[PDB]
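According to our numbering, the residues represented by the sequence shown are 5 to 115, in order. Take a look at the structure set out below.
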Amino acid sequence: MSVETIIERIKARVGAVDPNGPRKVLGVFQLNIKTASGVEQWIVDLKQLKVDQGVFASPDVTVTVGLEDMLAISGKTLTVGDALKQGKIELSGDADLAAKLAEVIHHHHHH
Ligand SMILES: CCCCCCCCCCCCCCCC(=O)O
Ligand SMILES: CCCCCCCCCCCCCCCC(=O)O
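Quick look at the structure:
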C-alpha cells in the first residue's frame, strides 16, 4: 500500500482511458510524493497517456502531494476535492491542467 500501489492504479487507468470520456489532450504532469528519505518524482504524460519515474525535462505542470495525502485518495478513503481545500496538493505552472485531471478523480468510490 505504498507509492507503488498509488501509481499502479494510474498506469492502469492511463493505458485504459476510453475515447468516450476524455479527449485528445496534450501536456505533462510532475507528481511528487513525500517520503521518509526524501521525495519521489514521477512523470505523467497526457499526450499518449503514460507514466514514468523521476522528473521530466520540463513538465507543463508540477504537482506536489504527500504520501499520506496520496494514500488517502488512491485508498478510496478520501477525495481530491477535500485535500484540495486543505492544501494537500500544491499547484505549480498551470492550475488548469492539474485541476482538469482532478475532475476525473473526484467521483464515486470503488475505482
Ligand atoms: C500529478 C498528478 C498525480 C497523477 C495523475 C493520475 C493520472 C490519472 C489518469 C490520467 C488520465 C485522466 C484524464 C483523461 C485525459 C488525459 O489526461 O489524457
Ligand atoms: C490540482 C489538481 C490535481 C489533482 C491530483 C490528485 C492528487 C494526486 C493523485 C491522487 C491519487 C491518484 C492515484 C489513482 C488514480 C486516480 O483515481 O486518480
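Beta carbons: idealized from backbone N, C-alpha and C, even for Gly.
**Q.** Range of the contiguous beta strand (DSSP E) that encloses residue 38
**A.** 32–38
(Q) Quick check: the region 61–68 against the region 77–90, are at least 3 beta-carbon pairs closer than 8 angstroms? (A) no
Q: Anything with a beta carbon under 6 angstroms from a heavy atom of ligand 1 counts; list them all in chain order.
A: 14, 17, 18, 21, 26, 29, 33, 35, 48, 50, 53, 67, 105, 108
Q) Under the three-state reduction of DSSP, which class applies to residue 100: helix, strand or coil? A) helix
Q.
Need the endpoints of the beta strand (DSSP E) that residue 56 sits in, please.
A. 54–57
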